[PDB]
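Only one structure is covered here, and it is reproduced in the block below.
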Amino acid sequence: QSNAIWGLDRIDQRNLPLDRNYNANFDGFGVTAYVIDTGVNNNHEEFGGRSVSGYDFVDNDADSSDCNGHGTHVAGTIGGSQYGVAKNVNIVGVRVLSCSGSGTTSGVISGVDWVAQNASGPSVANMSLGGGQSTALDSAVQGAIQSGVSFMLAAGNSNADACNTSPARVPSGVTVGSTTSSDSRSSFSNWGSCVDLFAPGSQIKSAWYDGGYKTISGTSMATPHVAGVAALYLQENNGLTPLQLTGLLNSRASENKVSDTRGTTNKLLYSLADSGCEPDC
Ligand SMILES: [Ca+2]
Ligand SMILES: [Ca+2]
Ligand SMILES: [Ca+2]
């Protein structure tokens, strides 16, 4: 609410300066976010029971507990009570990355397919992960999106063209670059024609796998801001197809706020239900 951390603070307003407030009209009630990552600590206090295990494709078991931190931190930015965007969203852990944060292409695909097969009501998927170009992984993500589930994808952190990263480059995904609280593109953020918009990703505080908290930076942290907002939009309109949700993320985004976009469309995440063309529509 107040004393809001900067990422949340930024996404409910058009312009700087920050006002230390995160205002919301929705909270993700009745929506489920599938976190395809290192797992999620279901017992973390930030979730208040709204997190449950999905499946663990690293160890082939039913317990998607997190032994790295990244997955929990991402889930916290989507749905944590203090530090999340959509404070009553449901969270499901889809563990495809090991305690060290490594995974296999085929294990990630299994997680993607699992979300397509198991999503029930209004759903969004978060993939804060990426590696080399893979047509097989691209095809699985494209398939899950055709199934009706929107996918938020990290652009990557190499200060490079996101189009050379899978799954970031999948056109029908919503691919997210990272900014700081000064509205600069984060210096590590990938960039380019495959990036759909920017969101807060530098110095983001959220839940950690040990039950405490951690502040970290990456396009991996920007992405769940966007998934969080997708959950807000899905609560507002349960029936949005991925094409409709993409359209709305675009039309509602704040325009021309970001510096050093380096060939990326100048759109920054906005969490509220009104259109960002409003200078000149
Ligand atoms: Ca604010
Ligand atoms: Ca496990
Ligand atoms: Ca896209």
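Just remember, in the structure tokens the first chain shown is A, the second B, etc., residues are 1-based per chain, and ligands are 1-based in the order shown.
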*Step by step, measure atom-to-atom distances between ligand 3 and each residue using only C-alpha atoms and all ligand atoms, keep those at most 7 Å, then write them as a PyMOL selection string.*
chain A and resi 170-175+194-196
Residue subset to file, keeping N, CA, C and O atoms, as a short mmCIF file (atom, residue, chain, number, x, y, z; two decimals), in the first residue's frame:
data_model
loop_
_atom_site.label_atom_id
_atom_site.label_comp_id
_atom_site.auth_asym_id
_atom_site.auth_seq_id
_atom_site.Cartn_x
_atom_site.Cartn_y
_atom_site.Cartn_z
N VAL A 170 10.11 -15.92 -29.06
CA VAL A 170 8.79 -16.40 -29.55
C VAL A 170 7.85 -15.22 -29.76
O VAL A 170 7.46 -14.55 -28.78
N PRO A 171 7.50 -14.91 -31.01
CA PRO A 171 6.71 -13.70 -31.25
C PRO A 171 5.49 -13.57 -30.34
O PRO A 171 5.32 -12.51 -29.77
N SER A 172 4.69 -14.62 -30.14
CA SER A 172 3.40 -14.47 -29.43
C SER A 172 3.50 -14.43 -27.89
O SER A 172 2.51 -14.27 -27.18
N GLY A 173 4.72 -14.54 -27.39
CA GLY A 173 5.02 -14.34 -26.00
C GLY A 173 5.15 -12.87 -25.74
O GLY A 173 5.34 -12.08 -26.65
N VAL A 174 5.01 -12.51 -24.46
CA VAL A 174 5.24 -11.16 -24.02
C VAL A 174 6.60 -11.15 -23.36
O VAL A 174 6.78 -11.70 -22.27
N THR A 175 7.56 -10.53 -24.06
CA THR A 175 8.99 -10.58 -23.74
C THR A 175 9.38 -9.26 -23.06
O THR A 175 9.12 -8.17 -23.58
N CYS A 194 12.38 -7.99 -30.52
CA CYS A 194 11.63 -9.09 -29.88
C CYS A 194 11.12 -8.76 -28.48
O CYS A 194 10.38 -9.53 -27.91
N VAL A 195 11.57 -7.65 -27.92
CA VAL A 195 11.17 -7.20 -26.58
C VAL A 195 9.86 -6.40 -26.72
O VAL A 195 9.82 -5.43 -27.45
N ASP A 196 8.81 -6.81 -26.01
CA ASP A 196 7.50 -6.19 -26.13
C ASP A 196 7.33 -4.96 -25.25
O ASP A 196 6.63 -4.04 -25.63
#
Using only C-alpha atoms and all ligand atoms, what does the table of chain A residues within 8 Å of ligand 2 look like, with each row giving the shortest atom pair and its distance in Å to one decimal, sorted by chain and ascending number, as a tab-separated table?
residue	atom	partner	partner_atom_place_in_ligand_line	distance
A:55	CA	ligand 2	1 (Ca)	8.0
A:56	CA	ligand 2	1 (Ca)	5.3
A:58	CA	ligand 2	1 (Ca)	7.4
A:59	CA	ligand 2	1 (Ca)	5.7
A:60	CA	ligand 2	1 (Ca)	7.2
A:61	CA	ligand 2	1 (Ca)	5.3
A:62	CA	ligand 2	1 (Ca)	6.3
A:63	CA	ligand 2	1 (Ca)	4.2
A:64	CA	ligand 2	1 (Ca)	4.8
A:65	CA	ligand 2	1 (Ca)	5.7
A:66	CA	ligand 2	1 (Ca)	7.9
A:95	CA	ligand 2	1 (Ca)	7.7
_With only C-alpha atoms as the counted atoms, please give the residues lying no more than 10 Å from region 243-253 of chain A, apart from itself and same-chain residues fewer than 5 positions off, as JSON, numbers by chain._
{"A": [11, 14, 124, 145, 146, 148, 149, 150, 151, 152, 172, 173, 174, 196, 197, 198, 199, 226, 229, 230, 231, 233, 234, 237, 266, 267, 268, 269, 270, 271, 272, 273, 274, 275, 276, 277, 278]}
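Here CA of residue 153 (chain A) stands at a distance of 4.9 Å from CA of residue 127 (chain A).
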*Grab me every residue within 8 Å of ligand 1, counting only C-alpha atoms and all ligand atoms, and send it over as a ChimeraX atom specification.*
/A:4,6,8-13,18-23
Serialized selection, N, CA, C and O atoms, as a PDB file, in the first residue's frame:
ATOM      1  N   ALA A   4       5.737   1.548  -0.309  1.00  0.00           N
ATOM      2  CA  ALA A   4       5.831   0.562  -1.370  1.00  0.00           C
ATOM      3  C   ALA A   4       7.234   0.570  -1.930  1.00  0.00           C
ATOM      4  O   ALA A   4       7.866   1.606  -2.008  1.00  0.00           O
ATOM      5  N   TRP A   6      10.021   0.105  -4.914  1.00  0.00           N
ATOM      6  CA  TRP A   6       9.978   1.006  -6.084  1.00  0.00           C
ATOM      7  C   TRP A   6       9.325   0.417  -7.319  1.00  0.00           C
ATOM      8  O   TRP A   6       8.720   1.145  -8.075  1.00  0.00           O
ATOM      9  N   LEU A   8       6.810  -1.787  -7.631  1.00  0.00           N
ATOM     10  CA  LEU A   8       5.377  -1.672  -7.472  1.00  0.00           C
ATOM     11  C   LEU A   8       4.950  -0.208  -7.577  1.00  0.00           C
ATOM     12  O   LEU A   8       3.967   0.131  -8.249  1.00  0.00           O
ATOM     13  N   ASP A   9       5.707   0.651  -6.903  1.00  0.00           N
ATOM     14  CA  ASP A   9       5.499   2.093  -6.894  1.00  0.00           C
ATOM     15  C   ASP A   9       5.477   2.657  -8.322  1.00  0.00           C
ATOM     16  O   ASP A   9       4.629   3.494  -8.663  1.00  0.00           O
ATOM     17  N   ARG A  10       6.393   2.202  -9.157  1.00  0.00           N
ATOM     18  CA  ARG A  10       6.491   2.689 -10.522  1.00  0.00           C
ATOM     19  C   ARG A  10       5.325   2.320 -11.461  1.00  0.00           C
ATOM     20  O   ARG A  10       4.995   3.092 -12.345  1.00  0.00           O
ATOM     21  N   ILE A  11       4.734   1.146 -11.303  1.00  0.00           N
ATOM     22  CA  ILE A  11       3.897   0.600 -12.364  1.00  0.00           C
ATOM     23  C   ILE A  11       2.463   1.102 -12.284  1.00  0.00           C
ATOM     24  O   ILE A  11       1.736   0.903 -13.225  1.00  0.00           O
ATOM     25  N   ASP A  12       2.077   1.751 -11.176  1.00  0.00           N
ATOM     26  CA  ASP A  12       0.743   2.369 -11.049  1.00  0.00           C
ATOM     27  C   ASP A  12       0.685   3.874 -11.397  1.00  0.00           C
ATOM     28  O   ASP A  12      -0.280   4.546 -11.013  1.00  0.00           O
ATOM     29  N   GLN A  13       1.700   4.380 -12.105  1.00  0.00           N
ATOM     30  CA  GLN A  13       1.797   5.797 -12.468  1.00  0.00           C
ATOM     31  C   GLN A  13       2.585   5.963 -13.749  1.00  0.00           C
ATOM     32  O   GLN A  13       3.407   5.108 -14.129  1.00  0.00           O
ATOM     33  N   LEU A  18       8.505   8.976  -8.257  1.00  0.00           N
ATOM     34  CA  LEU A  18       7.794   7.984  -7.450  1.00  0.00           C
ATOM     35  C   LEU A  18       7.057   8.630  -6.283  1.00  0.00           C
ATOM     36  O   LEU A  18       7.473   9.664  -5.780  1.00  0.00           O
ATOM     37  N   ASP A  19       5.933   8.060  -5.867  1.00  0.00           N
ATOM     38  CA  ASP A  19       5.165   8.625  -4.745  1.00  0.00           C
ATOM     39  C   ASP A  19       5.069   7.714  -3.525  1.00  0.00           C
ATOM     40  O   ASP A  19       4.308   7.992  -2.586  1.00  0.00           O
ATOM     41  N   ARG A  20       5.872   6.653  -3.533  1.00  0.00           N
ATOM     42  CA  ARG A  20       5.922   5.658  -2.471  1.00  0.00           C
ATOM     43  C   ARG A  20       4.606   4.897  -2.239  1.00  0.00           C
ATOM     44  O   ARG A  20       4.375   4.336  -1.184  1.00  0.00           O
ATOM     45  N   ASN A  21       3.746   4.881  -3.245  1.00  0.00           N
ATOM     46  CA  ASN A  21       2.445   4.257  -3.135  1.00  0.00           C
ATOM     47  C   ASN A  21       2.274   3.296  -4.290  1.00  0.00           C
ATOM     48  O   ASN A  21       2.701   3.599  -5.412  1.00  0.00           O
ATOM     49  N   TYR A  22       1.680   2.142  -4.011  1.00  0.00           N
ATOM     50  CA  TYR A  22       1.191   1.222  -5.056  1.00  0.00           C
ATOM     51  C   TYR A  22      -0.332   1.081  -4.863  1.00  0.00           C
ATOM     52  O   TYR A  22      -0.797   0.485  -3.895  1.00  0.00           O
ATOM     53  N   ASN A  23      -1.072   1.626  -5.810  1.00  0.00           N
ATOM     54  CA  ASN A  23      -2.517   1.615  -5.815  1.00  0.00           C
ATOM     55  C   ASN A  23      -2.951   0.485  -6.724  1.00  0.00           C
ATOM     56  O   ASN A  23      -2.348   0.248  -7.755  1.00  0.00           O
TER      57      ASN A  23
END
*A:137, A:116, A:27, A:209: which is nearest residue 39 (chain A), counting only C-alpha atoms?*
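That would be A:209, the residue with the smallest distance to residue 39 (chain A).
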_Nearest residue to residue 190 (chain A) from the set A:71, A:130, A:54, A:242 (distances using only C-alpha atoms)_ = A:130
*Pick from A:114, A:29, A:47, A:34, whichever lies nearest to residue 88 (chain A) using only C-alpha atoms*: A:29
*Would you give me, as a count of residues only, the residues in region 88-211 of chain A that DSSP reads as strand (DSSP E or B)?*
38
In region 60-158 of chain A, what's helix (DSSP H, G or I) per DSSP? Answer as a short mmCIF file (atom, residue, chain, number, x, y, z; two decimals) with N, CA, C and O atoms, in the first residue's frame?
data_model
loop_
_atom_site.label_atom_id
_atom_site.label_comp_id
_atom_site.auth_asym_id
_atom_site.auth_seq_id
_atom_site.Cartn_x
_atom_site.Cartn_y
_atom_site.Cartn_z
N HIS A 70 15.44 -18.11 -6.71
CA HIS A 70 15.00 -17.34 -7.87
C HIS A 70 13.49 -17.51 -8.13
O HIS A 70 12.76 -16.52 -8.29
N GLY A 71 13.05 -18.76 -8.20
CA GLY A 71 11.65 -19.08 -8.37
C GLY A 71 10.73 -18.48 -7.33
O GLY A 71 9.65 -17.96 -7.65
N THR A 72 11.14 -18.56 -6.07
CA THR A 72 10.37 -17.98 -4.98
C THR A 72 10.31 -16.46 -5.11
O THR A 72 9.27 -15.86 -4.84
N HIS A 73 11.43 -15.87 -5.49
CA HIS A 73 11.55 -14.41 -5.59
C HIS A 73 10.63 -13.91 -6.71
O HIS A 73 9.88 -12.96 -6.52
N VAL A 74 10.65 -14.63 -7.83
CA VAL A 74 9.78 -14.34 -8.97
C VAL A 74 8.32 -14.49 -8.56
O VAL A 74 7.52 -13.59 -8.82
N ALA A 75 7.97 -15.59 -7.88
CA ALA A 75 6.60 -15.79 -7.45
C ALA A 75 6.18 -14.70 -6.48
O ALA A 75 5.03 -14.24 -6.51
N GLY A 76 7.10 -14.27 -5.63
CA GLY A 76 6.80 -13.18 -4.71
C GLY A 76 6.46 -11.86 -5.39
O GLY A 76 5.63 -11.09 -4.90
N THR A 77 7.16 -11.54 -6.49
CA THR A 77 6.91 -10.31 -7.22
C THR A 77 5.53 -10.38 -7.90
O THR A 77 4.78 -9.41 -7.89
N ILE A 78 5.11 -11.55 -8.36
CA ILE A 78 3.77 -11.70 -8.91
C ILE A 78 2.73 -11.55 -7.81
O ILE A 78 1.76 -10.80 -7.98
N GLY A 79 2.94 -12.25 -6.69
CA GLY A 79 1.85 -12.52 -5.76
C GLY A 79 2.07 -12.37 -4.27
O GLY A 79 1.18 -12.65 -3.49
N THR A 105 16.60 -28.37 -21.76
CA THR A 105 15.63 -27.87 -22.72
C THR A 105 14.37 -28.69 -22.66
O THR A 105 13.28 -28.14 -22.61
N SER A 106 14.53 -30.01 -22.59
CA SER A 106 13.40 -30.92 -22.56
C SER A 106 12.63 -30.89 -21.25
O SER A 106 11.40 -31.05 -21.22
N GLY A 107 13.32 -30.66 -20.14
CA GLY A 107 12.64 -30.48 -18.86
C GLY A 107 11.80 -29.20 -18.84
O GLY A 107 10.71 -29.17 -18.31
N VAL A 108 12.33 -28.12 -19.40
CA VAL A 108 11.57 -26.88 -19.54
C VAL A 108 10.33 -27.08 -20.45
O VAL A 108 9.21 -26.64 -20.10
N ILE A 109 10.50 -27.78 -21.57
CA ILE A 109 9.38 -28.10 -22.45
C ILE A 109 8.30 -28.89 -21.70
O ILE A 109 7.11 -28.59 -21.83
N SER A 110 8.71 -29.85 -20.88
CA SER A 110 7.76 -30.65 -20.11
C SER A 110 6.95 -29.74 -19.18
O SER A 110 5.74 -29.93 -19.01
N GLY A 111 7.62 -28.77 -18.57
CA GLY A 111 6.96 -27.81 -17.70
C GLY A 111 5.97 -26.96 -18.51
O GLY A 111 4.87 -26.71 -18.05
N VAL A 112 6.38 -26.54 -19.71
CA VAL A 112 5.53 -25.69 -20.55
C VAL A 112 4.26 -26.48 -20.95
O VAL A 112 3.14 -25.99 -20.80
N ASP A 113 4.45 -27.70 -21.44
CA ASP A 113 3.37 -28.61 -21.80
C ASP A 113 2.44 -28.90 -20.60
O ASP A 113 1.22 -29.00 -20.75
N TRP A 114 3.03 -29.03 -19.41
CA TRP A 114 2.25 -29.29 -18.20
C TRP A 114 1.29 -28.15 -17.88
O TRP A 114 0.15 -28.36 -17.47
N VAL A 115 1.78 -26.93 -18.06
CA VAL A 115 0.93 -25.74 -17.87
C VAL A 115 -0.20 -25.74 -18.90
O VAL A 115 -1.37 -25.57 -18.55
N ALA A 116 0.10 -25.98 -20.17
CA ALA A 116 -0.97 -26.04 -21.17
C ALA A 116 -2.01 -27.11 -20.80
O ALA A 116 -3.23 -26.87 -20.87
N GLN A 117 -1.54 -28.26 -20.33
CA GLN A 117 -2.45 -29.37 -20.03
C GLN A 117 -3.23 -29.19 -18.71
O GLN A 117 -4.31 -29.74 -18.56
N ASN A 118 -2.70 -28.41 -17.77
CA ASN A 118 -3.25 -28.37 -16.43
C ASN A 118 -3.84 -27.04 -15.99
O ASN A 118 -4.40 -26.95 -14.91
N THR A 135 14.30 -24.24 -31.49
CA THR A 135 12.98 -24.26 -32.12
C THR A 135 12.01 -25.18 -31.37
O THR A 135 10.82 -24.91 -31.35
N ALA A 136 12.52 -26.22 -30.72
CA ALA A 136 11.66 -27.13 -29.97
C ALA A 136 11.00 -26.43 -28.77
O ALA A 136 9.79 -26.57 -28.56
N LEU A 137 11.79 -25.70 -28.00
CA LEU A 137 11.23 -24.92 -26.87
C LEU A 137 10.30 -23.80 -27.36
O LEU A 137 9.25 -23.55 -26.77
N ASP A 138 10.69 -23.13 -28.45
CA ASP A 138 9.85 -22.09 -29.06
C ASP A 138 8.49 -22.66 -29.45
O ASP A 138 7.45 -22.03 -29.24
N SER A 139 8.51 -23.84 -30.04
CA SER A 139 7.29 -24.50 -30.51
C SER A 139 6.37 -24.91 -29.35
O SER A 139 5.14 -24.73 -29.43
N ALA A 140 6.94 -25.41 -28.27
CA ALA A 140 6.16 -25.74 -27.07
C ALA A 140 5.51 -24.49 -26.46
O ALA A 140 4.36 -24.55 -26.03
N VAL A 141 6.23 -23.37 -26.43
CA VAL A 141 5.68 -22.15 -25.84
C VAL A 141 4.58 -21.64 -26.73
O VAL A 141 3.50 -21.30 -26.24
N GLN A 142 4.83 -21.65 -28.03
CA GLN A 142 3.84 -21.21 -29.01
C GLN A 142 2.57 -22.02 -28.89
O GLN A 142 1.46 -21.48 -28.99
N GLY A 143 2.73 -23.33 -28.69
CA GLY A 143 1.64 -24.25 -28.46
C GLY A 143 0.83 -23.99 -27.21
O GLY A 143 -0.40 -24.05 -27.25
N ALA A 144 1.49 -23.71 -26.09
CA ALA A 144 0.81 -23.42 -24.83
C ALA A 144 0.01 -22.12 -24.94
O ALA A 144 -1.10 -22.03 -24.43
N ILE A 145 0.55 -21.17 -25.68
CA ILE A 145 -0.12 -19.89 -25.94
C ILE A 145 -1.34 -20.10 -26.82
O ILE A 145 -2.40 -19.55 -26.52
N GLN A 146 -1.23 -20.91 -27.87
CA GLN A 146 -2.41 -21.30 -28.65
C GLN A 146 -3.46 -22.01 -27.81
O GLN A 146 -4.67 -21.88 -28.07
#
*Grab the CA of residue 206 (chain A) to CA of residue 42 (chain A) distance for me, in Å with one decimal place.*
14.2 Å
Could you pull the residues within 7 Å of residue 90 (chain A), counting only C-alpha atoms, minus those fewer than 3 positions along the same chain, as an mmCIF file with N, CA and C atoms, in the first residue's frame?
data_model
loop_
_atom_site.group_PDB
_atom_site.id
_atom_site.type_symbol
_atom_site.label_atom_id
_atom_site.label_comp_id
_atom_site.auth_asym_id
_atom_site.auth_seq_id
_atom_site.Cartn_x
_atom_site.Cartn_y
_atom_site.Cartn_z
ATOM 1 N N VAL A 31 -7.447 -15.977 -10.197
ATOM 2 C CA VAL A 31 -6.505 -16.125 -11.299
ATOM 3 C C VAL A 31 -5.332 -16.955 -10.766
ATOM 4 N N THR A 32 -4.685 -17.702 -11.645
ATOM 5 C CA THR A 32 -3.594 -18.553 -11.235
ATOM 6 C C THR A 32 -2.376 -18.199 -12.091
ATOM 7 N N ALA A 33 -1.235 -18.014 -11.435
ATOM 8 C CA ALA A 33 0.033 -17.767 -12.111
ATOM 9 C C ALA A 33 0.878 -19.005 -11.967
ATOM 10 N N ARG A 50 -1.582 -19.257 -0.578
ATOM 11 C CA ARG A 50 -1.994 -19.189 -1.990
ATOM 12 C C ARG A 50 -1.033 -19.883 -2.962
ATOM 13 N N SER A 51 0.124 -20.298 -2.473
ATOM 14 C CA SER A 51 1.034 -21.117 -3.273
ATOM 15 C C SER A 51 0.925 -22.639 -3.015
#
*Counting only C-alpha atoms, figure out which residue out of A:3, A:96, A:84, A:187 gets nearest to residue 204 (chain A).*
A:84
